[PDB]
Amino acid sequence: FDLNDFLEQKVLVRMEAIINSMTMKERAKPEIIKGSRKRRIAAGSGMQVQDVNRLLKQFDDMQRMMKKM
RNA sequence: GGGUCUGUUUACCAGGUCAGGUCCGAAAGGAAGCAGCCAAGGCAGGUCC
């Protein structure tokens, strides 16, 4: 389960916006998204880094469910 | 090494177009710009000077 699968599910518009700024590698293996990329992703989507942090957290929570849900 | 072809590779670090999203503007309209793709560079192989 990854961002691709999370993407496949207004607050919803921005979320997409954040994911539409990542590379394929980032979507498939989210844990590689650190300081420099979050920043690339936030500016690239007109969002704040903390916006990206929340997005990744909501994704994390779900990724946890997949295997225990 | 240079021309060229083929495969492959490359988040941001001043290429093109820039979906989506964003910024400025009362509006008319402006501007920046991620991913993609393309270009380009890297690694090889063919071929040629």
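To find a chain, count down the sequence lines: A is the first, B the second, and so on, and within it residues start at 1.
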(message) In whole Å, measure the gap between the P atoms of B:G7 and B:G25 for me.
(response) 50 Å
(request) Determine the Euclidean distance between corresponding P atoms of B:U10 and B:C23; express it in Å to zero decimal places. (result) 33 Å
(request) Starting from P on B:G36, measure out to CG on A:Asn4 and report it in whole angstrom. (result) 12 Å
(request) Look at the side chain of A:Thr23 against the base of B:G36 and say whether a donor-acceptor pair falls under 3.5 Å; ignore hydrogens and angles. (result) no
(message) Going by salt bridge (charged side-chain N to carboxylate O under 4.0 Å, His left out), name the residues that satisfy it together with A:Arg27, two or more places apart in sequence or in a different chain.
(response) none
(message) Roughly how many Å apart are B:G1 and B:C18, using the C1' atom of each and rounding to a whole number?
(response) 36 Å
(message) I need the A:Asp2 CG to A:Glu8 CD distance, nearest 0.5 Å.
(response) 9.5 Å
(message) Under 3.5 Å for both contacts, Watson-Crick or G-U wobble geometry: does that describe B:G36 with B:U17?
(response) yes
(request) Using the P atom as the reference point in each nucleotide, state the distance between B:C12 and B:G29 in Å, no decimals. (result) 34 Å
(request) Round to the nearest Å and state the distance from A:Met24 atom CE to B:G20 atom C1'. (result) 16 Å
(message) Rounding to an integer number of angstrom, what distance separates B:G21 and B:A27 when you compare their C1' atoms?
(response) 23 Å
(request) For B:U8 versus B:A39, give the span between their P atoms, rounded off to a whole number of Å. (result) 13 Å
(request) Map A:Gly44 and A:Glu26 onto RNA chain B by nearest heavy atom, then report which one ends up closer to the 5' terminus. (result) A:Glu26
(request) Could you tell me which residues satisfy side-chain contact (heavy atoms from CB on, under 4.5 Å) with A:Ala42, sequence neighbours excluded, listed by chain and number? (result) A:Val49, A:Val52
(message) Counting the atoms with a prime plus P, OP1 and OP2 as sugar-phosphate, which does A:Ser36 contact under 4.0 Å by heavy atoms, base, sugar-phosphate, or nothing?
(response) base
(message) Pairing check on B:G1: which nucleotide meets the Watson-Crick or G-U wobble criteria with it, both distances under 3.5 Å?
(response) B:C49
(request) Could you work out the separation of B:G16 and B:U22 based on their P atoms and round it to a whole Å? (result) 24 Å
(message) Would you call the rings of A:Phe1 and A:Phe6 parallel, tilted or perpendicular, taking 30° and 60° as the class edges?
(response) perpendicular
(message) Using a 4.0 Å heavy-atom cut-off, does A:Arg27 contact any base of the nucleic acid, only the sugar-phosphate backbone, or nothing at all?
(response) sugar-phosphate
(message) Could you tell me how far apart A:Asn20 (CG) and B:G20 (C1') are, to the nearest whole angstrom?
(response) 5 Å
(message) With rounding to the closest Å, how many angstrom separate the P atoms on B:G15 and B:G41?
(response) 14 Å
(message) Taking the basic N atoms (NZ, or NE/NH1/NH2) and the acidic carboxylate oxygens, is any pair closer than 4.0 Å for A:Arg40 and A:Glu26?
(response) yes
(request) If B:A14 has a Watson-Crick or G-U wobble mate with both distances under 3.5 Å, name it; if not, just say none. (result) none
(request) Answer yes or no: does a side-chain N or O of A:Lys25 lie under 4.0 Å from OP1 or OP2 of B:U10? (result) yes
(request) Write down the partner of B:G7 under the Watson-Crick or G-U wobble criteria, each distance required to be under 3.5 Å. (result) B:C43
(request) May I have the distance from A:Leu7 (atom CG) to B:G21 (atom P), rounded to whole angstrom? (result) 13 Å
(request) Nearest-nucleotide wise, let me know which of A:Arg37 and A:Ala43 is further upstream toward the 5' end of RNA chain B. (result) A:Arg37
(request) Could you let me know what B:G21 is paired to, Watson-Crick or G-U wobble, both distances under 3.5 Å, or none if it's on its own? (result) none
(message) Are the side chains of A:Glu16 and A:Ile19 in contact, using a 4.5 Å heavy-atom criterion?
(response) no
